[PDB]
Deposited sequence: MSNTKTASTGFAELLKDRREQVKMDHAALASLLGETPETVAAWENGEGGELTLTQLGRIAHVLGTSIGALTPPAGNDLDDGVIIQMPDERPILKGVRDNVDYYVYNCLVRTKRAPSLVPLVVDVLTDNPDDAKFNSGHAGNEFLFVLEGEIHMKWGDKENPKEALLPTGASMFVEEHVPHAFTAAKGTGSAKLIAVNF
């Protein structure tokens, strides 16, 4: 984080044609301190201070910090084996990827509590049982009965909810947010 910030900070400062002294003057620091940050010593900078640094450099904290990181072994990562979520493999190389095996333990559609929508698309596959899906306007939603083997796609932000089909006991589906 500190090494990444060090590199990114120096890139942005040079990009806006500021020297150490110029940047220091806008941040209540000495140019020696800014030089220190560009040397990896920014580790203890606060979120608040980071916001100010991003601001004077006309950018975001995100632009001054390193990407999530690489946790892959030559391109891949493997994970061994009302609602219980069994989280599947995730990776910093694709942060929005959140795959899950969901056991649905309520078979009363009236218990379907709607989301407000997701950032990111979602793919679903019914592994066991039958699912009663609802989506859209929670006040008056669309509905579908998804039997085992059915597959579904839910676009970003579309609110949804589901339970197992009425009186069918329980259902299991795999849900992949990407």
property	result
Missing CA stretches, deposited numbering from 1, N-terminus first	1-6, 88-101
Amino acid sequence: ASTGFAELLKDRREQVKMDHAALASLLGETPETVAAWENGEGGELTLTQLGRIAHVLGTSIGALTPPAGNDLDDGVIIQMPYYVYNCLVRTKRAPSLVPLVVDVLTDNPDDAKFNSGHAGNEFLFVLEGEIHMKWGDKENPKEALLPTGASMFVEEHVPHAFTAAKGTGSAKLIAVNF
From here on, numbers count along this sequence of modelled residues.
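Definition used throughout: the rigid core is the maximal C-alpha set that superposes within 1.5 Å between two forms.
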property: RMS CA shift, core-fitted in 8 other deposited structures of this protein, bigger for 38-46 or for 105-113; result: 105-113
property: Core-aligned Cα RMS comparison in 8 other deposited structures of this protein - stretch that moves more, 22-30 or 63-71; result: 22-30
property: Segment of higher mean CA temperature factor, 141-149 or 56-64; result: 141-149
property: Stretch with the greater mean C-alpha B-factor as recorded in the entry, comparing 104-112 against 89-97; result: 104-112
property: Position of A175 among the chain's modelled residues by C-alpha B-factor, lowest, middle or highest third; result: middle
property: Ranked C-alpha temperature factor of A36 among modelled chain residues, by third; result: middle
property: Entry-reported Cα temperature factor of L26, expressed as the chain third it lands in; result: middle
property: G69 - Cα temperature factor, lowest/middle/highest third of chain; result: middle
property: Ranked C-alpha temperature factor of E122 among modelled chain residues, by third; result: middle
